[PDB]
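Notes follow the structure.
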Amino acid sequence: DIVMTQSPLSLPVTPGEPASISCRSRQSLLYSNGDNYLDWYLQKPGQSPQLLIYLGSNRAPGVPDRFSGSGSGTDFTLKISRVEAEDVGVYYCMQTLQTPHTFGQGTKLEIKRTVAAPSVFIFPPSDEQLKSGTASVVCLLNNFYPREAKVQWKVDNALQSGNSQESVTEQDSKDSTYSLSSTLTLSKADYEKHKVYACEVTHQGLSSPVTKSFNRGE
Amino acid sequence: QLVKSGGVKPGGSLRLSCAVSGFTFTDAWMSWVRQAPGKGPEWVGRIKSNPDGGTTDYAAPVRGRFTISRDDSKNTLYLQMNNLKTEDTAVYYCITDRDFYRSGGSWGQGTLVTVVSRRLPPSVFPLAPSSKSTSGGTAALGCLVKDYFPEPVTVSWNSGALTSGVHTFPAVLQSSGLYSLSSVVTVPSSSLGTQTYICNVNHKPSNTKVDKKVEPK
Amino acid sequence: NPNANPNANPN
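Protein chains in written order, with the entry's author numbering: chain L, 1 to 27, 27A to 27E, 28 to 213; chain H, 3 to 9, 12 to 52, 52A to 52C, 53 to 82, 82A to 82C, 83 to 100, 100A to 100B, 101 to 213; chain P, 1 to 11.
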């Protein structure tokens, strides 16, 4: 097969700044008629891939002139003259010179917007779940940037370990933020042995860690 | 213009159909591509136009199990999937080259194929809005969709009428081997007494749908 | 001598 290698894997870029992505093939993609059989795609979060450049350097219809493709043979470059928030997603190369057609590993573009502290929300367990013998407590960090965040669970001020899981969203196409959930799961028996349930959030946008908490059954 | 249809257990079969509109299908070479959740796209196979021989080429992981064909009478491309494997689970797309380069755009919506063998429908619990999920006049609420298998669950709000401010998180794998996620939405705190918020949770692998009204505290 | 589509280009 023709292995396609993309560089870099992760590309943080400030809005308005230029971005360049490289895709390198082990076999020349130059065909006998002078065309290079390489296409460039953008996959925005939750959407199907969108064609940006076809056959090396042809900008596809509907693509802003900010995008351009260069190169020949084995080395190709997608250039974005000025990055916008809508440009976030995963960029893919794709060669169609020889079956099996193959794709680059992908390049995740990340918009380096201005620092935004998370809004922190907490949700006690539902009565329905508690009657079934389990307590799920959810801490929500909404619309923040950058992605790096420390979320610690404290129960009656005791730092927890081993009973929570995190999940983060993709960067948003318009506001360029992340959201994150942290979920603490205890048996009802363990849950009722304590009063104060709190998630403590540390983030670059917070001068001091934020604690959101509730009293069991308040 | 492409519309994928017809998309299921290990060893079984499924036929995908991709009815084409917007160009002369008879002269177009067509490819099937797929994208498993969390991975990049993967080429499945191709079929030349019949005037060019109409021959087929297949990716190694599907050779001998999948068959690509076309009915130029119906402007339709087919993928016959036989002896399905769990690793075949993915979103499948039908694409072309020249006519696609000319029109631009995306690969379309694609069709999700989920190869199912183990099942568990989800529990759905409310994430109720309260003072602890309010800030600056906005309240966060949601639904916790816990203990299901396999992926995916789809979550809509008010039957699709509510989309703004919704975040449905990627699923986590719990220690039990079962999946869990939450879907949350931010709304006016002033709205909690007059607007109704219902999360619609669909788990097609188990053919279960659950609606839960989220009530405030 | 690849099996590329010699008519892939719309221009």
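The beta carbon of each residue, even a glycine, is placed where N, CA and C say it ideally should be.
Short-range partners of chain L found in the segment 151-168 of chain H, where Cβ spacing is below 7 Å: Cβ contacts with chain L come from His163, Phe165, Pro166 and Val168.
Can you name the residues that DSSP bridges to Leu46/L? Note: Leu46/L sits in a beta bridge opposite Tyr36/L.
Against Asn5/P, what residues of chain H qualify as contacts under a CB-to-CB distance less than 7 Å, listed in chain order? Correct list: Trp33 and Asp95.
Determine the DSSP secondary structure at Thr84/H, reduced to helix, strand or coil. Of the three classes helix, strand and coil, the one that applies to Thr84/H here is helix, per DSSP.
is_contact[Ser172/H, chain L] using C-beta, thresh 8 Å: So, not an interface residue.
Between the Cα of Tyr186/L and the Cα atoms of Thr5/L, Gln160/L, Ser177/L and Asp151/L, which residue gives the shortest distance? With distances taken between Cα atoms, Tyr186/L lies closest to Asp151/L.
Relative to the C-alpha of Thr192/H, which residue among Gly138/H, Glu147/H, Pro166/H and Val149/H is closest? Of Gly138/H, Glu147/H, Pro166/H and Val149/H, the residue nearest in Cα terms is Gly138/H.
Where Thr30/H falls: helix, strand or coil (DSSP): If DSSP states are grouped into helix, strand and coil, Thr30/H belongs with the helices.
With distance defined between alpha-carbon atoms, name the residue in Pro41/H, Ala135/H and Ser21/H nearest to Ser7/H. Comparing alpha-carbon positions, the option among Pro41/H, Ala135/H and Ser21/H lying closest to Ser7/H turns out to be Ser21/H.
Between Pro40/L and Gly84/L, how many whole angstroms is the CB-CB distance? I'm expecting something under 8 Å. That belief holds up - the Cβ atoms of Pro40/L and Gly84/L are roughly 6 Å apart, short of 8 Å.
For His189/L, would you say it is in contact with chain H, using Cβ-to-Cβ distances shorter than 8 Å as the test? Not flagged as an interface residue toward chain H: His189/L, since no C-beta distance is shorter than 8 Å.
With DSSP as the reference, label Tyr99/H as helix, strand or coil. Three-state result, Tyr99/H: helix.
Comparing alpha-carbon positions, which option in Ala135/H, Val210/H and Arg100/H lies nearest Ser127/H? When each option's Cα is compared against that of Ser127/H, the closest is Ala135/H.
Interface residues of chain L facing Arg50/H [CB-CB closer than 7 Å]: Per Cβ cutoff of 7 Å: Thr94.
Proximity winner among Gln42/L, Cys23/L and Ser27A/L, relative to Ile48/L (alpha-carbon distances): Each of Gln42/L, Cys23/L and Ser27A/L was checked against the Cα of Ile48/L, and the nearest Cα belongs to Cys23/L.
Mind checking the segment 54-76 of chain H against chain L and listing, in chain order, the residues whose C-beta falls within less than 9 Å of any C-beta there? Against chain L - using a Cβ distance shorter than 9 Å - the residues of the segment 54-76 of chain H are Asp58, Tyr59, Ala60 and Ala61.
Following the continuous alpha helix (DSSP H) through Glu123/L, name the residue where it begins and the one where it ends. Its alpha helix (DSSP H) spans residues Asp122 to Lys126.
Once DSSP output is grouped into helix, strand and coil, what is the label at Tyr27D/L? Three-state result, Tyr27D/L: coil.
What are the partner residues of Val110/L, as DSSP defines its beta bridges? Secondary-structure assignment with DSSP links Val110/L through no beta bridge to anything.
For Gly156/H, the three-state DSSP class (helix, strand or coil): In the displayed model, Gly156/H falls within a helix according to three-state DSSP.
Determine, using beta-carbon pairs with one atom in the segment 101-111 of chain H and one in the segment 58-72 of chain L, whether at least three such pairs fall under 8 Å. Flag = no, the segment 101-111 of chain H and the segment 58-72 of chain L do not touch.
Give the secondary structure of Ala184/L by DSSP, where H, G and I count as helix, E and B as strand, and everything else as coil. DSSP, read as helix, strand or coil, puts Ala184/L in helix.
What does the alpha-carbon distance come out to for the pair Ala193/L and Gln147/L? For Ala193/L and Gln147/L, the distance between alpha carbons rounds to 8 Å.
Does any residue of chain L bring its CB to less than 8 Å from the CB of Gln105/H? Yes - at least one Cβ of chain L is within 8 Å of the one on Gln105/H.
According to DSSP, is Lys145/L helix, strand or coil? Here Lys145/L sits in strand by DSSP.
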